[PDB]
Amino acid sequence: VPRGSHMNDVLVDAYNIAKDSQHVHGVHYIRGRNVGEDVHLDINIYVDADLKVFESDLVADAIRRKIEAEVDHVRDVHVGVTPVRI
């Protein structure tokens, strides 16, 4: 059974990074799963539906990198995108 003692910091720090990153209209959803002592993270951000895919791709990837570099106990981070018209 996974320990879980880091879930709260992981979710908070990752959400805070995602929410204020460039081109994000808001966070759509965030999911954390305890595995061993660490957390697997799935975050999904709202972006402009007219963004080019190569642009949404850079945005998602900057967020992923920044979460990986800054947030302890994160094992695996996926950042997905939901298009919205603005």
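Position 1 is the first residue in the sequence shown; the rest follow in order.
Q: When the Cα temperature factors in the entry are averaged, is it 70 to 78 or 7 to 15 that ends up higher?
A: Stretch with the greater average CA B-factor: 70 to 78.
Q: Using the temperature factors of the C-alpha atoms in this entry, rank residue 47 within its chain: lowest, middle or highest third.
A: For residue 47, the deposited C-alpha B-factor lands in the middle third.
Q: What third of its chain, lowest, middle or highest, does the C-alpha temperature factor of residue 35 fall into?
A: Top third by C-alpha B-factor.
Q: Would the CA B-factor of residue 53 place it in the lowest, middle or highest third of its chain?
A: Answer is highest: the recorded C-alpha B-factor places it there.
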